[PDB]
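Engineer: Attaching a single structure in structure tokens format; questions to follow.
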Amino acid sequence: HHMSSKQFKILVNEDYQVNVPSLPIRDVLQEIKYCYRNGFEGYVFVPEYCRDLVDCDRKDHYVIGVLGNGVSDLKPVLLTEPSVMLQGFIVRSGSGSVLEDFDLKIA
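For reference, each letter of the sequence shown is one residue, going -1 to 105 in the entry's author numbering.
If you want it as structure tokens, here you go:
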């Protein structure tokens, strides 16, 4: 069911400048489905207020966005995503500090 969520532990990055891949929207949709089944090993969560830490080659390509508080939806977004519901981004990197629990579903 699309309303059903899962709990995941993800490394959080508030401190480190990270260079990450950004991808066409259909590839990010596939990564979201992949991570929803198998977990987020190799990704970090970057809170929206730290978004300047994140760099990529193509600013017009997508990363995983985390939208809503409590149980968040996973959706491909651009790093410039203006939505007020944006909690942050999950990006492929290993730089981070603390492990946090997230309740997530696919948009």
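We put the beta carbon where it would ideally sit given N, CA and C, even for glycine.
For residue 73, collect the residues of the same chain with a Cβ closer than 7 Å to its Cβ; drop the 5 residues on either side in sequence, then sort them by chain order.
Structural biologist: 63, 65 and 105
Engineer: Identify the residues that DSSP records as bridge partners of residue 90: which are they?
Structural biologist: BP columns for residue 90 point to 41.
Engineer: In terms of DSSP beta bridges, what is residue 74 paired with?
Structural biologist: 62
Engineer: Got a sec? Which residues, its chain only, sit under 6 Å from residue 14 by beta carbon, not counting five neighbours each side?
Structural biologist: 93
Engineer: Would you mind stating whether residue 34 and residue 7 have Cβ atoms separated by less than 8 Å?
Structural biologist: no
Engineer: To the nearest angstrom, how far is the alpha carbon of residue 2 from that of residue 82?
Structural biologist: 23 Å
Engineer: With DSSP as the reference, label residue 118 as helix, strand or coil.
Structural biologist: The chain is shown from -1 up to 105; residue 118 falls before or after that span and cannot be answered.
Engineer: Would you kindly report the start and end of the unbroken beta strand (DSSP E) that includes residue 10?
Structural biologist: 4 to 10 is the extent of the beta strand (DSSP E) around residue 10.
Engineer: Quick check: what's the CA-CA separation for residue 95 versus residue 0?
Structural biologist: 31 Å
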